[PDB]
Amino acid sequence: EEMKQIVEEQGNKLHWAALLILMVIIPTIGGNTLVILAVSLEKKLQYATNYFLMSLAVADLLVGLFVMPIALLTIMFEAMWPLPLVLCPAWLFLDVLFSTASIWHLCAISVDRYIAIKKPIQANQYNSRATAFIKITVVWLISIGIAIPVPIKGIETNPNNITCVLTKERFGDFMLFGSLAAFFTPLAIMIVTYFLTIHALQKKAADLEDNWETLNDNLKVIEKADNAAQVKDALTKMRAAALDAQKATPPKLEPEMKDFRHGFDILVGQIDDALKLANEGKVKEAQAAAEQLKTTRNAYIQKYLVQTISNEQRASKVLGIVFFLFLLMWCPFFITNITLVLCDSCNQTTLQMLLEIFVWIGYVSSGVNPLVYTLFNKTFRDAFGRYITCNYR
């Protein structure tokens, strides 16, 4: 048809590209460099947890370095693909790869924190350097597999002109099941681990309270004991609970000030000595020793119990909120991407416009994610402050 009023010539969108550089691309590249430099040279930050965390910082750095800048060309020159043709499947592949790896890294981290709560007795038996490298490798294999349909299939190609996009027609299956594997599955897992963590912390605080009153009750049992035999087992009941309460937390392998967990080492040592008296038969002498156990209880143990529960609870809450924001900002993209495949009434043209926008809410979500996470750690936070002032020694 002929419509001369159809002056639908796309205006210049350079100001949006400049704003994504300033507000998204630079914070992504800068923020993940800091996290990488920190784990790299700051010798006090080099352990298993961070090597996995560094891997995440790498994935997010690669997003802002190879995915995000070429995504600007989607914006500057709206119609066509400026780069060579083989760069199109390469770019799309790197996009799905690095974006998926970031989401799955957080899923794994969540599981580790829950495991660290449930079973703190995992000192280099696992959660070591070998364990670190295995889960790093797996996450990448998962994200490689999810991303690999894109280059294997490719974008259809006559003129050597291509439009770099995943259409509903050609990648409908991938747009649907590729989102489930990359987002909604690690989302479901993180929802499950969330409630499991609440149960773990409540069950842990409960057990500690039981250990506490076990110590105190048996103290009165000892103090009010006329017989010898009931002193001996009242002491061994204390010894079991003390070890029980101590084992609800890793050793101080970890740390510059007081270590309340050491109180259990002292307490048990006193119990054993008092238990030697009970065996010899010196009951009156043993009861006096048991009264001295209270000094250890008042000094170390009482503060330890509130220390453990409060600290584990706190670290749990903040980790949940930051991981919640990550997922929440990735929500508008993947929900839209799904409805693009499952809704046939919606205008695909404008439903694609929302995709091209929501992807930047996700990009900045992945990009600044390790920074926001590491900033609640003092060693990282102090390291950053020295880096931004260009100080290395």
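Residue numbers run from 1 along the displayed sequence.
- According to the record, no deposited residue between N298 and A299 is left without atomic coordinates.
- The gap between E254 and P255 holds 4 to 9 unmodelled residues of the deposited sequence.
- Per the PDB record, of the two stretches 201-209 and 272-280, 272-280 carries the greater mean B-factor over its C-alpha atoms.
- Relative to one another, 308-316 and 101-109 have unequal mean CA B-factors, and 308-316 is the one with the higher figure.
- Taking only the listed residues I146, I162, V138, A242, the entry reports the highest CA temperature factor at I162.
- If you compare the C-alpha temperature factors of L85, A71, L215, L196 in the entry, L85 comes out highest.
- Sort the chain's modelled residues by C-alpha temperature factor and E223 lands in the highest third, per the entry.
- Per the PDB record, residue ranking by Cα B-factor puts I121 in the highest third of the chain.
- In the deposited entry, the Cα temperature factor of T374 places it in the lowest third of its chain's modelled residues.
- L45: CA B factor in the highest third of modelled residues in this chain (values from the PDB entry).
- Ranked by Cα temperature factor within the chain, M80 sits in the highest third according to the deposited record.
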